[PDB]
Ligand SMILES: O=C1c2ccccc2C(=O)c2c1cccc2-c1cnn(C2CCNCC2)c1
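Let's start with one chain on its own, the form solved without the ligand, as structure tokens.
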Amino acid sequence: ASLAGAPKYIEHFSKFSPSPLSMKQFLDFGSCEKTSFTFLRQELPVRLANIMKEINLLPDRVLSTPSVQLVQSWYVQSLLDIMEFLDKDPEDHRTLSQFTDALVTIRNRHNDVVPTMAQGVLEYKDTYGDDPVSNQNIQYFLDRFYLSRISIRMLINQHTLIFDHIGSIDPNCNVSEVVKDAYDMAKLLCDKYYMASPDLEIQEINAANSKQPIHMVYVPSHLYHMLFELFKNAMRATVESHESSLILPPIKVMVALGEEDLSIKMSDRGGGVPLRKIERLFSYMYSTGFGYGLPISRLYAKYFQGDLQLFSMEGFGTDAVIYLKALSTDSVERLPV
């Protein structure tokens, strides 16, 4: 498998659709190494090729930029890396240890995709302008590209973490503990930079089981990313809007478990933002050191059929809500095709 054939390989694997997995399917893969290897040596080329194919439909004024060429070159090489295993023997534990090595190599190769693509967006704004039709095309492409990337990293994480909790999945994730972890980290940073920090109040509403702590099947590192990014915004809003004031109102988090939704609301009194400016917070172009950012945090929520929404009261504060599927049977990869 070589560069010279790559367009042919991409074209072949792009005829397949990616196979969205559910949380249960993920738990079963990690309860099997030969089975994971056999699945991934077909599925990873399919996912790599479907996104490489969509990248090739970008206008030439985008395709010809260094950042997109660099990222494309990484995806080609990763596809090549996996194709070497298509004719290898699953029964042969040197195959399997080699595969795991090649996956860690691919994952690390792609570590800088987000800041690389972000540089491309910055350039686009200066070379062609930040108009509303550009924003919508960029938003469409990058949501799909970044969601594709999250799903590829998920597959790789599951394999390399299990065949050395179920990999990155916690079958009994305690939501309030992840909330407290992300808050504690944000507070460290907030204390450093601003000298003080709001408190945290957590309330749980377990509708069907009023006493019981709220747990779920989820990927706690994904949940942490989302919550940490939200705490950072809520703390910065709270501190900077109360400089002439003495008390810092707390940040209040409610965790509600319903029949279908597990909802996490973070409420601050940071002064809020006019409705007209909420949308731009999720824009790759209009947002153009710690945390993944609001656009990407929302993609983590969407990845397993959830969502992340902001609603503010200008002059008062902002509510941020993470919506997750409560049932792991509804927790299914959302994959671009």
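In case it trips you up, residue 1 is the first one in the sequence shown, and so on. Between two forms, the rigid core is defined as the largest C-alpha subset superposing within 1.5 Å.
One more form of this protein, solved in complex with the ligand, exists but is not displayed; see below.
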Mark residue 19 yes when one of its heavy atoms lies within 4.5 Å of a heavy atom of the ligand in the bound PDB entry, and no otherwise.
-> yes
Heavy atom of residue 328 within 4.5 Å of the ligand in the bound PDB entry = no
Does the ligand come within 4.5 Å of any heavy atom of residue 26 in the bound PDB entry?
-> yes
Would residue 56 count as a contact of the ligand in the bound PDB entry, using a 4.5 angstroms cut-off between non-hydrogen atoms?
-> no
Heavy atoms within 4.5 Å of the ligand in the bound PDB entry is the criterion; list the residues of 27 to 64 that meet it.
-> 29, 35, 36, 39
Of 97, 203, 245, 136, Cα shift of 2 Å or more between the shown form and the other one on rigid-core superposition seen only for 245
Residue 84: Cα shift of 2 Å or greater between the shown form and the other one (core-aligned) | no
Core aligned, does the CA of residue 259 move at least 2 Å between the shown form and the other one?
-> no
Did residue 124 shift 2 Å or more between the shown form and the other one, C-alpha, core superposed | yes
